[PDB]
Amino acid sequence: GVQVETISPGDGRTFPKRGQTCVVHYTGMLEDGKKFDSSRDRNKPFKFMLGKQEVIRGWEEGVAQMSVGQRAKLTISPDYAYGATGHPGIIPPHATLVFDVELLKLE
């Protein structure tokens, strides 16, 4: 599944609704902290919508539990990410993924 550990608190009131656009900053790492990607590096937030198979399930369920402005570490089991296959040339089979995500705004 997904585990959400808070780094910095959100507003405690504005949670993402299916059909809203979430704007985030994220860093993706293996369990040992090795970084594989970050929107922070690109200087451009990542935007996505809930309820449209636009992201791995771990995110769909993890982000939904965050409130605007919150910064959290999402730990995602392989079945809620890339499972036994992984993601070609970046993530190996059966990898639990760690993402540092900041929920910037909802639009």
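A residue's number is simply how far along the shown sequence it sits, counting from 1. What we label the rigid core is the largest C-alpha set whose atoms superpose within 1.5 Å from one form to the other.
- Greater C-alpha displacement in 4 other deposited structures of this protein (rigid core superposition, RMS over structures and residues), of 85-93 versus 8-16: 85-93.
- Taking the PDB entry as given, 30-38 carries the higher mean Cα B factor of the two stretches 65-73 and 30-38.
- Comparing 44-52 with 74-82, the stretch with the higher mean C-alpha B-factor in the PDB entry is 44-52.
- Taking only the listed residues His94, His25, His87, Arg18, the entry reports the highest CA temperature factor at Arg18.
- Ranked within its chain, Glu5 lands in the middle third, by CA B factor from the PDB record.
- Per-chain ranking of the deposited C-alpha B factor places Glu107 in the highest third.
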